[PDB]
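Structure record follows, encoded as structure tokens.
Read the numbers this way: they start at 1 and go in the same order the structure lists the ligands and their atoms. Each chain gets a letter, A, B and so on, in the order the sequences are listed, and its residues count up from 1.
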Amino acid sequence: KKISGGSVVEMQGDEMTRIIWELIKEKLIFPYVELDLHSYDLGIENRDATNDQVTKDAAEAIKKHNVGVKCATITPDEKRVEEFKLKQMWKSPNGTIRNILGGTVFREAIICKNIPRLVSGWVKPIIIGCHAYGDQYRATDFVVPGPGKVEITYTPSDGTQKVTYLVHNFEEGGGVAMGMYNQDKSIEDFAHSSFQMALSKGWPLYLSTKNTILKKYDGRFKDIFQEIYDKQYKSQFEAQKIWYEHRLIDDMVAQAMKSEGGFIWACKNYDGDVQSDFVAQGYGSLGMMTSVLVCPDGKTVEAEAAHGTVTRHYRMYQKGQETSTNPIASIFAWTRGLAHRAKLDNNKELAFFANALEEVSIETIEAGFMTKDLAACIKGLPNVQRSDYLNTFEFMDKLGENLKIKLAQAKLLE
Amino acid sequence: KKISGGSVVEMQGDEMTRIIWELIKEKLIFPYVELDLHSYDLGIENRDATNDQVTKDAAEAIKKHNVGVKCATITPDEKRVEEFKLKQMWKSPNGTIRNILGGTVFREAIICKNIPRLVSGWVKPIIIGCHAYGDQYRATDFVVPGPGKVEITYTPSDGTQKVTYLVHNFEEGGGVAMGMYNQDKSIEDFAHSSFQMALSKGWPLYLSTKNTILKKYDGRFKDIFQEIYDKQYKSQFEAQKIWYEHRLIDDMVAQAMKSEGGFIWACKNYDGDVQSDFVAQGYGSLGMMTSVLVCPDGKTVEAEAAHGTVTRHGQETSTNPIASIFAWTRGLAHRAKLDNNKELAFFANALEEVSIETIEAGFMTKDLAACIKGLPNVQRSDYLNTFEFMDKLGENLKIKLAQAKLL
Ligand SMILES: NC(=O)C1=CN([C@@H]2O[C@H](COP(=O)(O)OP(=O)(O)OC[C@H]3O[C@@H](n4cnc5c(N)ncnc54)[C@H](OP(=O)(O)O)[C@@H]3O)[C@@H](O)[C@H]2O)C=CC1
Ligand SMILES: NC(=O)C1=CN([C@@H]2O[C@H](COP(=O)(O)OP(=O)(O)OC[C@H]3O[C@@H](n4cnc5c(N)ncnc54)[C@H](OP(=O)(O)O)[C@@H]3O)[C@@H](O)[C@H]2O)C=CC1
Ligand SMILES: CCCC[C@H](CC(=O)O)C(=O)C(=O)O
Ligand SMILES: CCCC[C@H](CC(=O)O)C(=O)C(=O)O
Ligand SMILES: [Ca+2]
Ligand SMILES: [Ca+2]
């Protein structure tokens, strides 16, 4: 029979990533794994039909079943509202999910030996732990229409006092203003997730803030990270001959730029978004990256495809024209999610399947079979001929062909 | 007879970059240029002694004389306060001077033909325009001691809209919160500075925000840039076959990493700080970069060393002085442009050529030697110490100026 997968929360996406999402299930997953799939359509039209409530419901389902796999989704702008006749410009589904689940988003490049790096020195991988809560991505911003006073206040729950901070006094014209926050318990979980990842990988840990300018806001990050390290992880880091050190964000980017990789980089929410694409593009391809949210409870995770929905290929697919879409990021979202499922269920067979699918993906590309984007990384786009790459279905066919071989060879071992 | 330099405002710095600052004046500037130098000791000890008033006075002198050159300074924190026994944890001198002067900080790599780039495709130079006003670098942040409400409010001086927004309701434990702002007029001057720089260099311009998430805050940047572009600059951009487009910040870093350079990168205040080190390190060395604040009045300029006061610190040292030198040359070059001073303009350009020619001839400091061969495979024979490299530059500056005098 097939492998007893377990309960997995699925989040369907938009445009070309939704087409690839179904190809992965039909060709690579379902033929070998039986899943209790709790499907939530996070497509832009079902989010619009439910007033974005399906997004919140999918997050609660991940809390209940501990495993979620997410397809890439559209964050609508002004043009998207016109295109789909949306009722509202719905907020980012990833922001809503991360705000509900909390935790740390760990991102790392998907390395193939034949994909050229842009940073030649990065001979070892760089893992970024993105704090998935607060800051710019859960803030209150507004337009200041004219002269006036913008203030930010804090009132303790006991109501015994009240502190009013002056943000700015607009004396001529208007502008913008915003307020953002972060939570002590969220920063402490963010620290523990960062220290444990450095111990499981054997690499040093670096936290990047700007506490020289944000003395109180970022100073909380530096103090919490430093307090937890000295009390619970100091001797453990010294045992594995590693370390933890705080860095200014501007110095950290340049430090990582000229390093040789091999370290954990704990980033605040906004820096994690910016610099993970900096790392992904530096290793070769922006789309060759994993993105797994690790919740503070230590049992719930959300694996996702972090790139876009590839609109240009979706337009070609609807006109029946040939496309060449890279599915690796969407594939590794399934494997990373199924791997954690097998860890929680002690499923030896599901764990072997997830790792085997990741091997087949890497081995197929390293054998010379790849989509057009990966061929352009090697030969350069103006030098890419049609015989240099495979289309969307040819590449999925090659993966399923090689996955079927590797899984069959493993059966002949009893 | 030396060159009549004119009135220049000087800002002295901290630690090693202060030592280099005096060596540049002693060995490169003073022997050839006579200056009405307005000196302001922005050292951490004198800032503490004057309760940071010397920083505000220096910023105001820049308004009056239109040209200032700044040495790298210490921004104190907890470890620095205990070190110098400071009264307060003084704010950044650059944050104060920029908040007073306003304008755009343009940063660009100092290119030497024999320095290897970490990003191979970058064959054309990238120029970052940093909005020097507002955002996290002029914000109000604080620690939330416990449960309670954090609200942000806008009270109009003449209007009917006393609006209150809930920032967050802390229900368990405490945390942190902050409020920040920006100004329409400052964003507009930031827009014009970006469009005009792209037309003077003949390159396309890109603006990076995160307006998909910060719809109102960052949407204002994108709307103001697009409105000024369509009304006052789109025809000129099409004439030179260049363009302006808005990008998301995370998409923009990956696009720039994958590009071949040759564009202007309009950056918000925080991104301008982070990404300018990303660009400088990608072109080779973090300390080979110019940083000039251009004020919106089109005549006031502040040149600085973009890096720090030598983080990594009677022995010999070998420390790169190029960025500090170009702070002087860019300042004197603008001092000469304002004064129509041809001799001063020639001296400023000659010193920059001497600096690049010396490095391209094999004479360089230890960091640049480690750039070409790697630090572990670097010996004393591969570099010059601090005093020898400065003497080598002065030896070549005396030669270049003597050659031009006999022509
Ligand atoms: N985290 C998330 O869920 C994110 C979602 N998005 C959403 O994605 C949508 C489109 O974003 P956009 O900026 O246009 O980026 P796209 O994903 O559309 O990518 C732009 C171009 O890159 C190439 N490309 C990207 N991904 C692949 C792939 N897997 N295989 C092959 N080629 C690829 C294609 O180039 P070519 O045409 O030359 O073949 C494509 O036209 C938006 O609605 C946005 O909100 C965006 C970013 C993150
Ligand atoms: N005045 C200003 O504008 C600035 C002031 N500062 C202040 O400086 C201090 C430290 O700053 P910080 O951001 O930590 O670090 P720095 O900006 O001083 O530089 C960090 C690293 O970059 C490399 N580097 C920088 N400048 C040079 C150079 N000229 N030649 C060769 N290599 C160079 C060195 O790398 P490696 O270790 O590999 O040799 C150095 O360790 C603080 O007090 C801070 O407030 C910081 C930034 C700007
Ligand atoms: C929640 C804000 C950050 C998420 C954003 C995609 C999105 O618009 O949801 C992004 O660039 C990323 O996935 O890193
Ligand atoms: C508020 C401006 C902060 C600038 C900072 C240096 C500092 O003052 O600490 C920095 O590294 C730079 O951008 O040059
Ligand atoms: Ca991103
Ligand atoms: Ca900096």
Completion exercise
So the atoms of ligand 1 within less than 4.0 Å of a heavy atom of A:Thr311 turn out to be 10 (C), 18 (O)

Practice task
Classify the side-chain pair A:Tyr206/A:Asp251 by whether it contains a donor and acceptor separated by less than 3.5 Å.
Solution key: no

Problem - Aromatic A:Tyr317 / basic A:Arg315 pairing, under 6.0 angstrom, 45° off normal - result: no

Exercise for the section: Identify the heavy atoms of B:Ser318 and B:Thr386 that sit nearest to each other, and give their distance. Expected result: N-OG1, 2.7 Å

Completion exercise
Rounding to 0.5 Å, atoms CE (B:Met289) and CD1 (B:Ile128) come to a distance of 8.0 Å

Problem - Exercise: identify the closest heavy-atom pair between B:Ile359 and B:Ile322 - result: CD1-CG1, 3.9 Å

Handout entry: Sub-4.0 Å atoms of ligand 1 with respect to non-hydrogen atoms of A:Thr309
Key = 8 (O), 9 (C), 10 (C), 17 (O)

Handout entry: Presence of salt bridge, A:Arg386 and A:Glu322, under 4.0 angstrom
Key = yes

Problem - ligand 2 versus B:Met288: contacting region, heavy-atom distance under 4.0 Å - result: neither

Problem - Heavy atom of A:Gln255, distance to ligand 2 below 4.0 Å - result: no

Exercise for the section: Check if A:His313 has a non-hydrogen atom at a distance under 4.0 Å from any atom of ligand 1. Expected result: yes

Handout entry: Polar side chain donor-acceptor pair, A:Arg47 to A:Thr96, under 3.5 angstrom
Key = no

Problem - Salt bridge A:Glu78-B:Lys215, side-chain N to carboxylate O under 4.0 Å - result: no

Problem - Minimal non-hydrogen separation, A:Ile115 against A:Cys377, with atom names - result: CG2-CB, 4.5 Å

Exercise for the section: Check ligand 1 against A:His307 and write out every atom of the ligand that is under 4.0 Å from a heavy-atom position of the residue. Expected result: 1 (N), 2 (C), 3 (O), 4 (C), 5 (C), 48 (C)

Handout entry: Any B:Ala306 heavy atom less than 4.0 Å to ligand 2
Key = yes

Exercise for the section: State whether the shortest distance between N or O atoms of A:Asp251 and N or O atoms of ligand 2 falls below 3.5 angstrom. Expected result: no

Exercise for the section: Heavy-atom contacts with B:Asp367 under 4.0 Å: which atoms of ligand 2 show up? List them by number with element. Expected result: 30 (N), 31 (C)

Practice task
Among the N/O/S atoms of A:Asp273, select the one at the shortest distance from the Ca ion (ligand 5) and name it.
Solution key: OD1

Practice task
Could you walk me through whether B:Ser208 and B:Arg247 pass the side-chain hydrogen bond (donor to acceptor under 3.5 Å, both in side chains) test, one step at a time?
Solution key: CA-CA 5 Å; B:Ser208 53; B:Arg247 293 283 184 271; over 6 Å; no

Handout entry: Nearest-0.5 Å distance that lies between atom CZ in B:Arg18 and atom OG in B:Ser324
Key = 13.0 Å

Exercise for the section: Compute the shortest N/O to N/O distance between B:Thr311 and ligand 2 and return yes if it is under 3.5 Å, no if not. Expected result: yes

Practice task
Answer yes or no as to whether an N/O/S atom of B:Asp251 is found below 3.0 Å from the Ca ion (ligand 5).
Solution key: no

Exercise for the section: Please state which part of A:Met16 comes within less than 4.0 Å of ligand 1, counting heavy atoms only: side chain, backbone, both or neither. Expected result: neither

Practice task
Take every heavy atom of A:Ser324, measure it against each atom of ligand 1, and state whether any distance is under 4.0 Å.
Solution key: yes

Problem - Non-hydrogen atom of A:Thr371 closer than 4.0 Å to ligand 1 - result: no

Practice task
Decide whether B:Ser291 and B:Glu304 meet the rule of one side-chain donor and one side-chain acceptor closer than 3.5 Å.
Solution key: yes

Handout entry: Part of A:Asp14 within contact of ligand 1 (heavy atoms, under 4.0 Å)
Key = neither

Problem - The one among B:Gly287, B:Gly308, B:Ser324, B:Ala323 that brings a heavy atom closest to atom 28 (C) of ligand 2 - result: B:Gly287

Problem - Backbone or side-chain N or O of B:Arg312 under 3.5 Å from ligand 2 N or O - result: yes

Practice task
Nearest 0.5 Å please: distance from the OG1 atom of B:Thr75 over to the CE atom of B:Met89.
Solution key: 11.5 Å

Handout entry: N or O pair under 3.5 Å between A:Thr325 and ligand 1
Key = no

Problem - Minimum non-hydrogen distance to atom 5 (C) of ligand 1, winning option of A:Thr73, A:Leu381, A:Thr75 - result: A:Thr73

Problem - Ligand-residue contact atoms, ligand 2 with B:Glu304, heavy atoms, under 4.0 Å - result: 3 (O)

Fill in the blank from the handout: So the atoms of ligand 2 within less than 4.0 Å of a heavy atom of B:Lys70 turn out to be 1 (N)

Handout entry: Under-4.0 Å heavy-atom contact with ligand 1, by part of A:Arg80 that carries it
Key = side chain

Exercise for the section: Mind checking the CG-OH spacing from A:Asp14 to A:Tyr314? Nearest 0.5 Å is all I need. Expected result: 8.5 Å

Handout entry: Heteroatom distance test (B:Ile74, ligand 2): nitrogen or oxygen, under 3.5 angstrom
Key = no

Problem - Heavy-atom closest contact (B:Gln136 atom, A:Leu214 atom, distance) - result: O-CD2, 3.2 Å

Problem - Inter-residue atom distance A:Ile249.CD1 - B:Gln275.CD, 0.5 Å rounding - result: 8.5 Å

Problem - Within-shell test, A:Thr212 vs ligand 2, heavy atom, strictly < 4.0 Å - result: no

Problem - Heavy-atom gap A:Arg247 to ligand 2 smaller than 4.0 Å - result: no

Exercise for the section: May I ask you to check whether A:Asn326 has an N/O atom sitting below 3.5 Å from an N/O atom of ligand 1? Expected result: yes

Problem - Nearest-0.5 Å distance, CZ of residue B:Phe278 to CE of residue A:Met257 - result: 4.5 Å

Problem - Check: A:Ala72 N/O within less than 3.5 Å of ligand 1 N/O - result: no

Practice task
Would you mind naming the N, O or S atom of B:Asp250 nearest to the Ca ion (ligand 5)?
Solution key: OD2

Problem - Proximity flag B:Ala305 to ligand 2, non-hydrogen atoms under 4.0 Å - result: yes

